[PDB]
Structures are given as structure tokens and as C-alpha cells.
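S.K.: Pasting work.pdb here (PDB, C-alpha atoms (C1' of nucleotides)):
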MODEL        1
ATOM      1  CA  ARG A   1     -39.316  11.051  32.452  1.00  0.00           C
ATOM      2  CA  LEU A   2     -40.100  13.099  35.551  1.00  0.00           C
ATOM      3  CA  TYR A   3     -37.922  13.641  38.622  1.00  0.00           C
ATOM      4  CA  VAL A   4     -39.976  14.033  41.837  1.00  0.00           C
ATOM      5  CA  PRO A   5     -37.726  14.863  44.854  1.00  0.00           C
ATOM      6  CA  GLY A   6     -38.614  14.316  48.539  1.00  0.00           C
ATOM      7  CA  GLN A   7     -39.634  11.547  50.982  1.00  0.00           C
ATOM      8  CA  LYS A   8     -43.158  11.237  47.155  1.00  0.00           C
ATOM      9  CA  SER A   9     -42.541   9.678  43.691  1.00  0.00           C
ATOM     10  CA  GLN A  10     -44.099   6.329  44.770  1.00  0.00           C
ATOM     11  CA  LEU A  11     -47.366   8.008  45.879  1.00  0.00           C
ATOM     12  CA  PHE A  12     -47.420  10.020  42.625  1.00  0.00           C
ATOM     13  CA  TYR A  13     -46.880   6.840  40.595  1.00  0.00           C
ATOM     14  CA  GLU A  14     -49.558   4.849  42.519  1.00  0.00           C
ATOM     15  CA  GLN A  15     -52.266   7.524  41.903  1.00  0.00           C
ATOM     16  CA  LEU A  16     -51.409   7.761  38.148  1.00  0.00           C
ATOM     17  CA  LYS A  17     -51.198   3.928  37.772  1.00  0.00           C
ATOM     18  CA  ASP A  18     -54.563   3.395  39.583  1.00  0.00           C
ATOM     19  CA  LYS A  19     -56.266   6.111  37.436  1.00  0.00           C
ATOM     20  CA  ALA A  20     -55.817   4.173  34.141  1.00  0.00           C
ATOM     21  CA  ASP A  21     -54.741   0.674  35.413  1.00  0.00           C
ATOM     22  CA  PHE A  22     -51.247   0.827  33.776  1.00  0.00           C
ATOM     23  CA  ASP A  23     -49.704  -2.669  33.285  1.00  0.00           C
ATOM     24  CA  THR A  24     -45.892  -2.958  33.802  1.00  0.00           C
ATOM     25  CA  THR A  25     -43.896  -4.721  31.009  1.00  0.00           C
ATOM     26  CA  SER A  26     -40.413  -6.374  30.858  1.00  0.00           C
ATOM     27  CA  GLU A  27     -38.098  -6.243  27.770  1.00  0.00           C
ATOM     28  CA  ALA A  28     -34.464  -7.218  26.821  1.00  0.00           C
ATOM     29  CA  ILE A  29     -33.441 -10.941  27.031  1.00  0.00           C
ATOM     30  CA  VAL A  30     -30.820  -9.902  29.616  1.00  0.00           C
ATOM     31  CA  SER A  31     -29.472  -6.661  31.127  1.00  0.00           C
ATOM     32  CA  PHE A  32     -26.222  -6.042  33.045  1.00  0.00           C
ATOM     33  CA  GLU A  33     -26.077  -2.818  35.074  1.00  0.00           C
ATOM     34  CA  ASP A  34     -23.089  -0.641  36.123  1.00  0.00           C
ATOM     35  CA  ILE A  35     -20.342  -2.354  34.010  1.00  0.00           C
ATOM     36  CA  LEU A  36     -16.975  -0.540  34.119  1.00  0.00           C
ATOM     37  CA  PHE A  37     -15.467   0.075  30.654  1.00  0.00           C
ATOM     38  CA  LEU A  38     -11.766   0.962  30.392  1.00  0.00           C
ATOM     39  CA  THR A  39     -12.333   1.743  26.662  1.00  0.00           C
ATOM     40  CA  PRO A  40     -14.480   3.795  26.090  1.00  0.00           C
ATOM     41  CA  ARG A  41     -13.714   5.083  29.676  1.00  0.00           C
ATOM     42  CA  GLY A  42     -17.013   5.131  31.635  1.00  0.00           C
ATOM     43  CA  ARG A  43     -19.858   3.082  33.148  1.00  0.00           C
ATOM     44  CA  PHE A  44     -22.457   1.381  30.934  1.00  0.00           C
ATOM     45  CA  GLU A  45     -25.574  -0.741  31.198  1.00  0.00           C
ATOM     46  CA  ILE A  46     -25.427  -3.641  28.687  1.00  0.00           C
ATOM     47  CA  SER A  47     -28.872  -4.701  27.360  1.00  0.00           C
ATOM     48  CA  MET A  48     -28.819  -7.793  25.069  1.00  0.00           C
ATOM     49  CA  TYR A  49     -31.405  -8.509  22.332  1.00  0.00           C
ATOM     50  CA  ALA A  50     -31.802 -11.308  19.738  1.00  0.00           C
ATOM     51  CA  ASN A  51     -30.161  -9.281  16.883  1.00  0.00           C
ATOM     52  CA  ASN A  52     -28.372  -6.469  18.736  1.00  0.00           C
ATOM     53  CA  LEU A  53     -26.458  -5.375  21.874  1.00  0.00           C
ATOM     54  CA  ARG A  54     -27.186  -1.963  23.467  1.00  0.00           C
ATOM     55  CA  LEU A  55     -24.721  -0.018  25.627  1.00  0.00           C
ATOM     56  CA  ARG A  56     -26.572   2.677  27.636  1.00  0.00           C
ATOM     57  CA  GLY A  57     -24.267   5.390  29.076  1.00  0.00           C
ATOM     58  CA  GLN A  58     -25.087   8.680  30.882  1.00  0.00           C
ATOM     59  CA  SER A  59     -23.741  10.655  27.887  1.00  0.00           C
ATOM     60  CA  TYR A  60     -23.681   8.089  25.035  1.00  0.00           C
ATOM     61  CA  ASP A  61     -25.987   5.294  23.883  1.00  0.00           C
ATOM     62  CA  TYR A  62     -24.594   2.704  21.435  1.00  0.00           C
ATOM     63  CA  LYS A  63     -26.442   0.050  19.384  1.00  0.00           C
ATOM     64  CA  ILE A  64     -24.123  -2.756  18.166  1.00  0.00           C
ATOM     65  CA  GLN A  65     -25.499  -5.462  15.846  1.00  0.00           C
ATOM     66  CA  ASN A  66     -24.575  -9.048  16.892  1.00  0.00           C
ATOM     67  CA  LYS A  67     -23.091  -9.541  13.341  1.00  0.00           C
ATOM     68  CA  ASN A  68     -20.607  -6.634  13.919  1.00  0.00           C
ATOM     69  CA  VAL A  69     -19.024  -8.458  16.918  1.00  0.00           C
ATOM     70  CA  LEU A  70     -15.996 -10.205  15.366  1.00  0.00           C
ATOM     71  CA  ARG A  71     -14.272 -11.635  18.497  1.00  0.00           C
ATOM     72  CA  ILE A  72     -14.790 -12.000  22.258  1.00  0.00           C
ATOM     73  CA  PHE A  73     -11.745 -12.226  24.578  1.00  0.00           C
ATOM     74  CA  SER A  74     -12.033 -13.282  28.245  1.00  0.00           C
ATOM     75  CA  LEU A  75      -8.651 -12.550  29.876  1.00  0.00           C
ATOM     76  CA  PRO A  76      -7.576 -12.489  33.573  1.00  0.00           C
ATOM     77  CA  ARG A  77      -5.617  -9.367  34.639  1.00  0.00           C
ATOM     78  CA  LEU A  78      -2.151 -10.063  36.180  1.00  0.00           C
ATOM     79  CA  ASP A  79      -3.273  -8.326  39.440  1.00  0.00           C
ATOM     80  CA  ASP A  80      -5.273 -11.548  40.189  1.00  0.00           C
ATOM     81  CA  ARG A  81      -8.289  -9.422  41.320  1.00  0.00           C
ATOM     82  CA  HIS A  82      -9.883  -8.161  38.058  1.00  0.00           C
ATOM     83  CA  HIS A  83     -11.031 -10.057  34.899  1.00  0.00           C
ATOM     84  CA  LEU A  84     -11.132  -8.382  31.430  1.00  0.00           C
ATOM     85  CA  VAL A  85     -13.824  -9.033  28.798  1.00  0.00           C
ATOM     86  CA  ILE A  86     -12.891  -7.532  25.412  1.00  0.00           C
ATOM     87  CA  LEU A  87     -15.127  -7.136  22.336  1.00  0.00           C
ATOM     88  CA  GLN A  88     -13.735  -6.550  18.852  1.00  0.00           C
ATOM     89  CA  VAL A  89     -16.358  -4.558  16.872  1.00  0.00           C
ATOM     90  CA  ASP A  90     -16.373  -3.799  13.113  1.00  0.00           C
ATOM     91  CA  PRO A  91     -17.281  -1.052  12.218  1.00  0.00           C
ATOM     92  CA  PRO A  92     -15.450   0.478  15.261  1.00  0.00           C
ATOM     93  CA  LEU A  93     -17.562   2.496  17.701  1.00  0.00           C
ATOM     94  CA  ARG A  94     -17.276   6.298  17.260  1.00  0.00           C
ATOM     95  CA  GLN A  95     -17.162   9.235  19.827  1.00  0.00           C
ATOM     96  CA  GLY A  96     -15.990  11.865  17.198  1.00  0.00           C
ATOM     97  CA  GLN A  97     -12.416  11.624  15.643  1.00  0.00           C
ATOM     98  CA  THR A  98     -10.517   8.510  16.947  1.00  0.00           C
ATOM     99  CA  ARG A  99     -12.607   5.322  17.380  1.00  0.00           C
ATOM    100  CA  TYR A 100     -13.052   2.169  19.569  1.00  0.00           C
ATOM    101  CA  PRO A 101     -12.368  -1.022  17.565  1.00  0.00           C
ATOM    102  CA  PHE A 102     -12.013  -2.786  20.956  1.00  0.00           C
ATOM    103  CA  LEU A 103     -14.351  -2.456  23.935  1.00  0.00           C
ATOM    104  CA  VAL A 104     -12.531  -3.294  27.185  1.00  0.00           C
ATOM    105  CA  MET A 105     -14.720  -4.204  30.189  1.00  0.00           C
ATOM    106  CA  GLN A 106     -13.256  -4.682  33.698  1.00  0.00           C
ATOM    107  CA  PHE A 107     -14.952  -6.999  36.277  1.00  0.00           C
ATOM    108  CA  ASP A 108     -14.045  -7.919  39.841  1.00  0.00           C
ATOM    109  CA  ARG A 109     -13.364 -11.711  40.019  1.00  0.00           C
ATOM    110  CA  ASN A 110     -15.415 -11.893  43.259  1.00  0.00           C
ATOM    111  CA  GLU A 111     -18.452 -10.169  41.654  1.00  0.00           C
ATOM    112  CA  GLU A 112     -21.285 -12.747  41.497  1.00  0.00           C
ATOM    113  CA  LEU A 113     -24.624 -12.201  39.717  1.00  0.00           C
ATOM    114  CA  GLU A 114     -27.834 -14.266  39.429  1.00  0.00           C
ATOM    115  CA  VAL A 115     -29.746 -13.740  36.144  1.00  0.00           C
ATOM    116  CA  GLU A 116     -32.918 -15.204  34.645  1.00  0.00           C
ATOM    117  CA  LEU A 117     -33.354 -14.813  30.865  1.00  0.00           C
ATOM    118  CA  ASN A 118     -36.479 -12.934  29.715  1.00  0.00           C
ATOM    119  CA  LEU A 119     -37.586 -15.640  27.198  1.00  0.00           C
ATOM    120  CA  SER A 120     -40.762 -17.699  26.709  1.00  0.00           C
ATOM    121  CA  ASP A 121     -40.307 -21.501  27.154  1.00  0.00           C
ATOM    122  CA  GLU A 122     -41.260 -22.086  23.454  1.00  0.00           C
ATOM    123  CA  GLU A 123     -38.691 -19.534  22.139  1.00  0.00           C
ATOM    124  CA  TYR A 124     -35.979 -20.854  24.502  1.00  0.00           C
ATOM    125  CA  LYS A 125     -36.469 -24.505  23.348  1.00  0.00           C
ATOM    126  CA  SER A 126     -36.694 -23.617  19.629  1.00  0.00           C
ATOM    127  CA  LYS A 127     -33.776 -21.084  19.296  1.00  0.00           C
ATOM    128  CA  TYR A 128     -31.520 -21.048  22.405  1.00  0.00           C
ATOM    129  CA  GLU A 129     -31.509 -24.620  23.842  1.00  0.00           C
ATOM    130  CA  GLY A 130     -27.847 -25.739  24.226  1.00  0.00           C
ATOM    131  CA  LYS A 131     -26.610 -22.122  23.479  1.00  0.00           C
ATOM    132  CA  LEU A 132     -27.887 -20.327  26.642  1.00  0.00           C
ATOM    133  CA  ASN A 133     -28.943 -21.411  30.158  1.00  0.00           C
ATOM    134  CA  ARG A 134     -32.569 -20.515  31.162  1.00  0.00           C
ATOM    135  CA  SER A 135     -31.249 -19.289  34.537  1.00  0.00           C
ATOM    136  CA  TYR A 136     -27.652 -18.647  35.585  1.00  0.00           C
ATOM    137  CA  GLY A 137     -26.944 -19.377  39.276  1.00  0.00           C
ATOM    138  CA  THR A 138     -24.818 -17.090  41.499  1.00  0.00           C
ATOM    139  CA  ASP A 139     -21.624 -17.363  39.356  1.00  0.00           C
ATOM    140  CA  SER A 140     -18.993 -14.737  38.464  1.00  0.00           C
ATOM    141  CA  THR A 141     -20.545 -11.859  36.373  1.00  0.00           C
ATOM    142  CA  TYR A 142     -17.826 -12.040  33.664  1.00  0.00           C
ATOM    143  CA  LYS A 143     -18.566 -15.804  33.041  1.00  0.00           C
ATOM    144  CA  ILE A 144     -22.341 -15.241  32.696  1.00  0.00           C
ATOM    145  CA  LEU A 145     -21.702 -12.252  30.383  1.00  0.00           C
ATOM    146  CA  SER A 146     -19.145 -14.224  28.267  1.00  0.00           C
ATOM    147  CA  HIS A 147     -21.628 -17.148  27.902  1.00  0.00           C
ATOM    148  CA  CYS A 148     -24.543 -14.816  26.978  1.00  0.00           C
ATOM    149  CA  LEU A 149     -22.307 -13.050  24.383  1.00  0.00           C
ATOM    150  CA  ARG A 150     -21.252 -16.475  22.962  1.00  0.00           C
ATOM    151  CA  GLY A 151     -24.887 -17.678  22.721  1.00  0.00           C
ATOM    152  CA  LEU A 152     -26.274 -14.472  21.081  1.00  0.00           C
ATOM    153  CA  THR A 153     -23.337 -13.549  18.745  1.00  0.00           C
ATOM    154  CA  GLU A 154     -22.387 -17.195  17.909  1.00  0.00           C
ATOM    155  CA  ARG A 155     -18.712 -16.056  18.291  1.00  0.00           C
ATOM    156  CA  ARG A 156     -16.173 -18.247  20.127  1.00  0.00           C
ATOM    157  CA  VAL A 157     -14.800 -16.819  23.402  1.00  0.00           C
ATOM    158  CA  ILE A 158     -10.980 -16.658  23.300  1.00  0.00           C
TER     159      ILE A 158
ATOM    160  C1'  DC B   1     106.499 -13.985 -68.016  1.00  0.00           C
ATOM    161  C1'  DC B   2     103.237 -17.196 -70.606  1.00  0.00           C
ATOM    162  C1'  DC B   3      99.342 -20.853 -71.800  1.00  0.00           C
ATOM    163  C1'  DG B   4      94.649 -23.708 -71.073  1.00  0.00           C
ATOM    164  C1'  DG B   5      90.084 -22.812 -69.736  1.00  0.00           C
ATOM    165  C1'  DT B   6      86.204 -21.966 -66.453  1.00  0.00           C
ATOM    166  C1'  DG B   7      82.998 -19.848 -63.112  1.00  0.00           C
ATOM    167  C1'  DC B   8      81.937 -15.723 -61.240  1.00  0.00           C
ATOM    168  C1'  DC B   9      79.881 -10.717 -61.217  1.00  0.00           C
ATOM    169  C1'  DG B  10      77.443  -6.774 -64.169  1.00  0.00           C
ATOM    170  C1'  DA B  11      74.097  -3.874 -66.422  1.00  0.00           C
ATOM    171  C1'  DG B  12      70.541  -5.012 -68.780  1.00  0.00           C
ATOM    172  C1'  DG B  13      66.508  -7.877 -71.128  1.00  0.00           C
ATOM    173  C1'  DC B  14      62.048  -9.592 -70.569  1.00  0.00           C
ATOM    174  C1'  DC B  15      58.442 -12.099 -68.720  1.00  0.00           C
ATOM    175  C1'  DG B  16      54.049 -12.568 -65.781  1.00  0.00           C
ATOM    176  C1'  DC B  17      51.894 -10.024 -62.846  1.00  0.00           C
ATOM    177  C1'  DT B  18      49.004  -6.138 -60.187  1.00  0.00           C
ATOM    178  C1'  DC B  19      46.968  -1.498 -60.130  1.00  0.00           C
ATOM    179  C1'  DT B  20      43.816   2.539 -62.258  1.00  0.00           C
ATOM    180  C1'  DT B  21      39.874   5.127 -64.946  1.00  0.00           C
ATOM    181  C1'  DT B  22      36.283   5.066 -67.675  1.00  0.00           C
ATOM    182  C1'  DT B  23      31.585   3.924 -69.115  1.00  0.00           C
ATOM    183  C1'  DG B  24      25.958   9.740 -74.301  1.00  0.00           C
ATOM    184  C1'  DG B  25      22.684  14.499 -73.752  1.00  0.00           C
ATOM    185  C1'  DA B  26      18.591  17.038 -71.862  1.00  0.00           C
ATOM    186  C1'  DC B  27      13.986  17.019 -69.160  1.00  0.00           C
ATOM    187  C1'  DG B  28       9.822  15.681 -65.428  1.00  0.00           C
ATOM    188  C1'  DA B  29       7.407  13.729 -61.097  1.00  0.00           C
ATOM    189  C1'  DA B  30       6.880  11.038 -56.779  1.00  0.00           C
ATOM    190  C1'  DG B  31       8.507   8.856 -52.456  1.00  0.00           C
ATOM    191  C1'  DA B  32      11.462   8.231 -48.223  1.00  0.00           C
ATOM    192  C1'  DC B  33      14.442  10.021 -45.288  1.00  0.00           C
ATOM    193  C1'  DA B  34      17.467  13.561 -42.461  1.00  0.00           C
ATOM    194  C1'  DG B  35      21.285  11.224 -34.111  1.00  0.00           C
ATOM    195  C1'  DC B  36      18.411   8.436 -30.309  1.00  0.00           C
ATOM    196  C1'  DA B  37      16.734   6.415 -25.800  1.00  0.00           C
ATOM    197  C1'  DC B  38      18.581   6.411 -21.796  1.00  0.00           C
ATOM    198  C1'  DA B  39      20.713   8.025 -17.258  1.00  0.00           C
ATOM    199  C1'  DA B  40      21.756  10.536 -12.314  1.00  0.00           C
ATOM    200  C1'  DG B  41      21.476  14.473 -10.177  1.00  0.00           C
ATOM    201  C1'  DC B  42      20.208  19.653  -8.832  1.00  0.00           C
ATOM    202  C1'  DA B  43      16.863  22.913  -7.097  1.00  0.00           C
ATOM    203  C1'  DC B  44      12.401  22.941  -6.031  1.00  0.00           C
ATOM    204  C1'  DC B  45       7.165  22.067  -4.517  1.00  0.00           C
ATOM    205  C1'  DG B  46       4.299  19.092  -1.813  1.00  0.00           C
ATOM    206  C1'  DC B  47       1.588  15.795   1.613  1.00  0.00           C
ATOM    207  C1'  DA B  48       1.662  12.536   5.683  1.00  0.00           C
ATOM    208  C1'  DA B  49       2.783  12.437   9.931  1.00  0.00           C
ATOM    209  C1'  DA B  50       5.298  12.818  15.059  1.00  0.00           C
ATOM    210  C1'  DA B  51       5.875  14.442  20.066  1.00  0.00           C
ATOM    211  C1'  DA B  52       4.130  17.523  22.369  1.00  0.00           C
ATOM    212  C1'  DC B  53       0.852  21.318  24.012  1.00  0.00           C
ATOM    213  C1'  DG B  54      -3.893  23.497  24.772  1.00  0.00           C
ATOM    214  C1'  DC B  55      -9.282  22.721  25.989  1.00  0.00           C
ATOM    215  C1'  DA B  56     -13.673  20.394  27.368  1.00  0.00           C
ATOM    216  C1'  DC B  57     -16.240  17.472  29.841  1.00  0.00           C
ATOM    217  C1'  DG B  58     -17.931  13.410  32.475  1.00  0.00           C
ATOM    218  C1'  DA B  59     -17.337  10.066  35.888  1.00  0.00           C
ATOM    219  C1'  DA B  60     -14.918   7.824  39.711  1.00  0.00           C
ATOM    220  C1'  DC B  61     -12.743   9.218  43.328  1.00  0.00           C
ATOM    221  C1'  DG B  62     -12.563  12.358  47.802  1.00  0.00           C
ATOM    222  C1'  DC B  63     -15.277  14.494  51.206  1.00  0.00           C
ATOM    223  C1'  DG B  64     -18.894  14.448  54.526  1.00  0.00           C
ATOM    224  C1'  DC B  65     -22.212  11.930  57.551  1.00  0.00           C
ATOM    225  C1'  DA B  66     -24.561   8.051  60.397  1.00  0.00           C
ATOM    226  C1'  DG B  67     -23.865   3.174  61.099  1.00  0.00           C
ATOM    227  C1'  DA B  68     -21.680  -1.686  62.097  1.00  0.00           C
ATOM    228  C1'  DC B  69     -17.454  -4.305  63.008  1.00  0.00           C
ATOM    229  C1'  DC B  70     -13.440  -6.492  65.049  1.00  0.00           C
ATOM    230  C1'  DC B  71      -8.614  -4.695  65.742  1.00  0.00           C
ATOM    231  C1'  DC B  72      -6.803  -3.131  69.515  1.00  0.00           C
ATOM    232  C1'  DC B  73      -6.107  -2.626  74.472  1.00  0.00           C
ATOM    233  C1'  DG B  74      -6.060  -4.380  79.023  1.00  0.00           C
ATOM    234  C1'  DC B  75      -6.250  -8.103  82.234  1.00  0.00           C
ATOM    235  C1'  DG B  76      -4.520 -12.685  84.522  1.00  0.00           C
ATOM    236  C1'  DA B  77      -2.248 -17.869  84.043  1.00  0.00           C
ATOM    237  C1'  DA B  78       0.909 -21.371  82.600  1.00  0.00           C
ATOM    238  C1'  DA B  79       5.337 -22.943  81.327  1.00  0.00           C
ATOM    239  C1'  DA B  80       8.736 -23.640  76.915  1.00  0.00           C
ATOM    240  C1'  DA B  81      12.932 -22.441  76.220  1.00  0.00           C
ATOM    241  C1'  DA B  82      16.479 -18.862  76.453  1.00  0.00           C
ATOM    242  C1'  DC B  83      20.732 -17.615  79.167  1.00  0.00           C
ATOM    243  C1'  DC B  84      24.258 -19.421  82.448  1.00  0.00           C
ATOM    244  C1'  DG B  85      27.418 -22.986  84.448  1.00  0.00           C
ATOM    245  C1'  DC B  86      30.770 -27.058  84.571  1.00  0.00           C
TER     246       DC B  86
ENDMDL
END
Mind turning the file's structure into C-alpha cells?
M.R.:
Amino acid sequence: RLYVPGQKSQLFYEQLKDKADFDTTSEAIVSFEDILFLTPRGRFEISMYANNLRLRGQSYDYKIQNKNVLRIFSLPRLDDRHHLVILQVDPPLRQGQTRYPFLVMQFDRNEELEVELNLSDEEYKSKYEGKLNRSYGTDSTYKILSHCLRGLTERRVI
DNA sequence: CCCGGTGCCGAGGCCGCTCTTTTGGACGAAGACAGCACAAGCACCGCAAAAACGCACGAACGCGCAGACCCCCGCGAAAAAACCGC
């Protein structure tokens, strides 16, 4: 990864791409950017795969297997403005000494997101039909995330 | 003062019974024992852990800047209803 300052990186990319005809690719069934975690404290991108969940953070990357997710809680905060999504993980995530058996995410209730799943029509029909929607309309981010987590981990949302 | 005779007390006889000691001399070898399990507490060593303090670092908030928005300010009109009277 290069950092090219100035208004310059797009021209640099175009020349390189044209030189060897580089073809862009798309991975991860679904990604959610800029999610606020209360525990661990910080902001994380959540990338979901068939067998595993990735949390990408500026200082810490975590790979959680879908089997290690024991429980999903979807709980409204009493402030009537934020919604909490809570993951119980076993083994608990580690940052050094004390650990994170619970991941606490905080959403705004008014935050809406539109998301298309990165799946082929044959794989969707065979594995995910009736578990996931092919496209989610502009609904609240925490609902889409809770449904995706339910479909991929096969855990009931509490 | 005297006679007839009987039933009452004495020191002793004797009978059936209960209590006591004893059961030959010398020698050898082997085998199994000879208070215990149980009890609370003293004086002491040790590990697991608390409430709080000290340090490091990463991100979400403040600061700074250029932009879009509508609260705020100012204006004029109409008359509901508040303040006064008997």
C-alpha cells in the first residue's frame, strides 16, 4: 500500500492499471464500515464470510469463526436514540491480559444502509435461500446486521 | 407358815450348714502379645485477591475553516379576550 498525497493518486493508478490491464475484484459476502464498538472501545469494519467474521481495526484485526459465536443480542438502549448489538464469543477475544467475551456494538436507530450480498445466484439458491435476503433495502443498519449474523452463524437473535 | 403342781428362763448340747486350701520334680523350644484413635486449639507459613494508584496509547471529540440553512428580527393588520363597571 502506497500513500500518494496531493490533488494525483488517481492518475498514478490509471497509468499503472493501463500498463498491465489490471482487473478489479470484489470479495466478502458483506462488509459494514465504521461500526462503533463500546467493547472493545474503538471503530471497526465488519467483513462477513461463509465460515468466519473479520473485524478490521486501525490497531487490531480479529478473525472470529462463525462456530465461536454463541449468542447474538439485539437490545434497544433506554435513551431511545441508540440500538445495541451484542455478540457472545467463545473463546473470548484477547488484547493482552483481560479479555472480551462480549462484543458490544452501538448503532444510531436512524442509521439506514442499503446492501447487496456478494453471492452468485447458484450459491444463494443452494445455501442461503430463506436464511438471507439477496438485497436489503434502505432499512436500519442494526436490523440488516442482525439478520446477516443470524443467517451466517445460524444463531437465534435474542 | 405349808402343800399340790406347772410353765417359765438358763447355760449348754447338737444338728445342718457354709467357708477355705490344696492338688510331684527337673528340663527345652516356639508363638503371641505388651493403651488407642480421636479431638480442638495455638503459633505459624502461605496463596488468592481487593480498591486503589501509576503508565501507554489510540480514537472520538474539540478546534479550525468554508459552506448551507432557517431561527431570528423587523415590519404591518386584525380582533379575541382581558380588565373594568353595575
S.K.: Could you please determine the separation between CA of residue 84 (chain A) and CA of residue 34 (chain A) in Å, to one decimal place?
M.R.: 15.0 Å
S.K.: Up to 10 Å from (-27.0, -15.4, 41.2) in the file's coordinates: name the residues, counting all atoms listed in the file, as a CSV table (one decimal) with C-alpha atoms, in the frame of the given file.
M.R.:
chain,number,residue,atom,x,y,z
A,112,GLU,CA,-21.3,-12.7,41.5
A,113,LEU,CA,-24.6,-12.2,39.7
A,114,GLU,CA,-27.8,-14.3,39.4
A,115,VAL,CA,-29.7,-13.7,36.1
A,116,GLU,CA,-32.9,-15.2,34.6
A,135,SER,CA,-31.2,-19.3,34.5
A,136,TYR,CA,-27.7,-18.6,35.6
A,137,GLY,CA,-26.9,-19.4,39.3
A,138,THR,CA,-24.8,-17.1,41.5
A,139,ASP,CA,-21.6,-17.4,39.4
A,140,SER,CA,-19.0,-14.7,38.5
A,141,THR,CA,-20.5,-11.9,36.4
A,144,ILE,CA,-22.3,-15.2,32.7
S.K.: If the PyMOL selection byres ((chain B) within 10 of (chain A)) were run on this exact file, what residues would it hold? Put them as an MDAnalysis selection string.
M.R.: chainID B and resid 58:60
S.K.: Just say which residues the PyMOL selection byres ((chain A and resi 102-107) around 7) picks in this file, as an NGL selection string.
M.R.: :A and (36-40 or 82-89 or 100-101 or 108-109 or 142)
S.K.: One decimal, Å: what's the distance from CA of residue 125 (chain A) over to CA of residue 30 (chain A), could you say?
M.R.: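 Separating CA of residue 125 (chain A) from CA of residue 30 (chain A) is a distance of 16.9 Å.
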S.K.: On this structure, which residues satisfy the PyMOL selection byres ((chain A and resi 49) around 8), written as a list in words?
M.R.: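 So the PyMOL selection byres ((chain A and resi 49) around 8) ends up selecting residues 28, 29, 30, 47, 48, 50, 51, 52, 53, 54 and 152 of chain A.
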